[PDB]
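# Need a 3D model of the following:
(one chain, ligands or ions: 1)
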Amino acid sequence: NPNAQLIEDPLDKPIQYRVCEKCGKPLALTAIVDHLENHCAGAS
Ligand SMILES: [Zn+2]
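Numbers count the residues shown, from 1 in each chain. Sure, the structure comes next:
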């Protein structure tokens, strides 16, 4: 029986990244939304 055994749910999702043109930080597709929302124009 799996008492301490964990059958890990496969996360076969490579998350893509791009740097934010104005901030310069690498944004993953998972974080693009919250970053884009909270980011400031002129963030340096
Ligand atoms: Zn940004």
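# State the distance spanning the first to the last residue of stretch 11-31.
The straight-line separation of the ends of stretch 11-31 (CA to CA, to the nearest Å) is 17 Å.
# any bit of it sitting next to the ion?
Yes - under the criterion of CB under 5 Å from the ion, the ion is reached by stretch 11-31 at 20, 23. The way it works is simple: take the backbone N, C-alpha and C, and place the C-beta from them, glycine included.
# Return the set of buried residues in that stretch.
Buried residues in stretch 11-31, defined by neighbour count with 16 or more other CB atoms under 10 Å: 23, 27.
# Now tell me what touches that stretch from outside.
Residues outside stretch 11-31 that contact it (CB atoms under 8 Å, 6 or more residues apart in numbering) are 35-36, 39, 41-44.
# hmm, try it at 10 Å
32-36, 39-44 (CB atoms under 10 Å, 6 or more residues apart in numbering).
# Can you pick out the most distant pair from the residues you listed?
Taking CB to CB, the two most distant members of those are 33 and 44; they sit 21.7 Å apart.
# between those two, who's got more neighbours?
More crowded of residue 33 and residue 44, by other CB atoms under 10 Å: residue 33, with 10 against 6.
# For stretch 13-30, measure first residue to last.
Span of stretch 13-30 from end to end, CA to CA: 11 Å.
# same check, this time on stretch 22-30
Distance across stretch 22-30, first residue to last, is 19 Å (CA to CA).
# One more: stretch 16-28?
Criterion CA to CA; first-to-last residue distance in stretch 16-28 is 5 Å.
# Start the count at 238 instead of 1 going forward.
Happy to do that; since the first residue is 238 now, the last one works out to stretch 253-265.
# now the strands for this structure?
Here the chain has its strands, by DSSP state E, at 254-256, 263-265.
# Determine which of these approaches residue 242 most closely.
Each of the strands of the chain was scored for nearness to residue 242 using CB to CB, and the closest is strand 263-265 (30.3 Å).
# what bridges to residue 255?
residue 264 (DSSP bridges).
# Okay, it and residue 248: tell me how far apart.
21 Å (CB to CB, to the nearest Å).
# for residue 257, same thing?
In this view, residue 257 and residue 248 are 24 Å apart by CB to CB.
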